[PDB]
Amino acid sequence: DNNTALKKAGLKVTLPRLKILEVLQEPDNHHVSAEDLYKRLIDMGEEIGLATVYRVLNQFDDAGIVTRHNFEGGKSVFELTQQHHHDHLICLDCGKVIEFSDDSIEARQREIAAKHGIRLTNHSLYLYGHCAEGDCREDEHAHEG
């Protein structure tokens, strides 16, 4: 299955490719920096250097497998292009990118475009803010509902 999608993009089905795909399918890691991906890759105990993680993730974007984005101006973050629709809530103190989908917003967005003669075809919604209490740079649980 992962084997099939890799070929559909144009990449030979190596193990480090299949292993990075599997980290990008974990729920905690739908939005992950190249390094945090390597941090996960070494917790699972894969001898896969950080330079190779960069190598592969860049190749994946070329083949439309993943989208990169600099939500923090600097820190690049990668996600599986093939995913259900969500928008992005980003914490400005610790860098955490949180996904979310609101059906009443996606609906009003269609309603607002249709009021002005427009059929909504794409949109981007980025939320930015600060940790409400304490310091999220310590509590890894700070941004989980």
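Sequential numbering from 1, following the sequence displayed.
The question of which stretch, 72-80 or 111-119, has the higher mean Cα B factor is settled in favour of 72-80. Stretches 88-96 and 50-58 differ in mean CA B factor, with 50-58 having the higher one. Ranked by Cα temperature factor within the chain, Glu26 sits in the middle third according to the deposited record. Residue-level temperature factors show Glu144 in the lowest third of its chain, judged at the C-alpha atom.
Among the modelled residues of the chain, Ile105 sits in the lowest third by CA temperature factor in this PDB entry.
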